[PDB]
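The next block holds one structure in the form of structure tokens; read it before the comments.
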Ligand SMILES: O=C(O)c1ccc(F)cc1O
Ligand SMILES: [Ca+2]
Ligand SMILES: [Ca+2]
Ligand SMILES: [Ca+2]
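Numbering (PDB author numbering), first residue to last: 3 to 438.
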């Protein structure tokens, strides 16, 4: 009956963020509902040989949601989802959003140790995974959960066994009986993001419908998405970068289409780009290097790429400059964190800004301090530690009061651990990382 706990913005900041129109108090399912009303038959997801329209995505994820409701899963409960880069990922995401189940999307690369830690932390009543994943290849991990009194009530499996509940069976058909359901309230937790770079297993980041939808809408505007955007989803779909910056959710917000790839391997990605005339992609620097190494051979297959976002690791200027020369598309640098703040070079920034900086915040109410070791603001342009708060930056990790008191200051700035300097033009350069 209690909704998932999380650390709230002050009411004065919530009001401000509503007054500015950042927080519009709609569930994240707004993206689907609006697109179904506007363009039900536009393609939402391309996955392998499948073409999911907006109304198909909407009907498939309602089916799953009615099935879960039928089982007493709803507001107050949590789910652990671990799916590869396939359409069912988003069907499941929107299904849990619709049903009011707070979902943690594990990376498909996470193994038993991480999944165990997540299950201990959110005690999910629903687990959704794939039988082709190493961890669910046998029944050992699911069995270990009974021992520890953490068995979920429902396990749905992709590529399922005859014994299992088939995830695709619960998507294909709605429940036999009607049980009511609804999203969690727009200013309550919608789902858990995961931190990057924390010491042990990733820390849980509660995200509300209000703040995630804002970052998605605002990112989609900055990146200039529209209904002809076709975005390659080659990075892990659950990752903040791939999901909201502007990510699949931004593309759906804009009425475009997400094109799935299993991973960023260049030859296969290039084939998907050519086949579906992908015009946007998002990559981390190591994946850009791989593409850069094949792109001359395949210039023709990737001509349609119009925009490449790059972020997630340091991206030297020498490499940035190769993106337009070799990939024949525009560069946008992105520096963000699942905890909130996202920076983009703008599409009309100068070439030097795009090649040498990681841009500037989504929001004019993204507040930045760049501080020395005495936590005093450095002189303009020097390197300091980044601290930030704003309308989509979280206010604390899930159930971690001790850690939270260490990375938030008294004004509720979050200390991301990133080292940065502000350039004269107003943009940020990420130059490193600092501990504790
Ligand atoms: O987590 C990251 O490293 C990351 C990178 C770019 C972006 F736009 C958002 C992000 O969360
Ligand atoms: Ca907005
Ligand atoms: Ca981080
Ligand atoms: Ca191009």
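For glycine and all other residues, C-beta sits at the position ideal for the given N, C-alpha and C.
- Message: For ligand 1, is there any heavy atom lying closer than 7 Å to the beta carbon of residue 143?
- Response: no
- Query: What did DSSP end up calling residue 60 once you bin it into helix, strand or coil?
  - Reply: helix
- Item | residue 339: CB within 7 Å of a non-hydrogen atom of ligand 3 | yes
- Three-state secondary structure assigned by DSSP to residue 433: strand
- Query: So, using beta-carbon positions, are residue 484 and residue 312 closer together than 8 Å?
  - Reply: Examination of residue 484 is not possible in this model, given that the chain is present from 3 through 438 alone.
- Query: Quick one: what's got a C-beta closer than 6 Å to residue 282's C-beta in the same chain, skipping five residues either side?
  - Reply: 231, 233, 309
- Task: Specify whether the stretch 235-248 and the stretch 35-44 touch according to this definition: at least 3 beta carbon pairs, one from each stretch, less than 8 Å apart.
- Result: no
- By how many angstroms is the C-alpha of residue 114 removed from the C-alpha of residue 138? 9 Å
- Residue nearest to residue 314 in terms of C-alpha spacing, selected from 203, 384, 395, 241: 241
- Using three-state DSSP, classify residue 96 as helix, strand or coil. helix
- Message: I'd like to know whether the C-beta atoms of residue 172 and residue 160 end up nearer to each other than 8 Å.
- Response: no
- Candidates 7, 51, 184: closest to residue 75 by CA position: 184
- Query: Can you round the beta-carbon distance between residue 345 and residue 430 to whole angstroms, since I take them to be within the 8 Å contact cut?
  - Reply: 6 Å
- Query: CB of residue 336 to nearest heavy atom of ligand 1: below 7 Å?
  - Reply: yes
- Query: Going by other Cβ atoms of all chains shown within 10 Å of its Cβ, with 16 needed for buried, is residue 205 buried or exposed?
  - Reply: buried
- Going by DSSP, what residues sit across from residue 210 in a beta bridge? 191
- Query: Does ligand 1 have a heavy atom nearer than 7 Å to the CB of residue 225?
  - Reply: no
- Query: What are the start and end residues of the beta strand (DSSP E) that includes residue 418?
  - Reply: 416-424
- Between residue 308 and ligand 4, is the CB less than 7 Å from at least one heavy atom? yes
- Could you pull out every unbroken beta strand (DSSP E) segment of at least 3 residues lying fully inside the stretch 226-261, listed in chain order? 232-235
- Measure the Cβ-Cβ separation of residue 187 and residue 64 and say whether it is below 8 Å. no
- Query: Between residue 39 and residue 60, what straight-line distance do the alpha-carbon atoms span, to the nearest angstrom?
  - Reply: 11 Å
- So, residue 330 versus residue 307, is the Cβ gap smaller than 8 Å? yes
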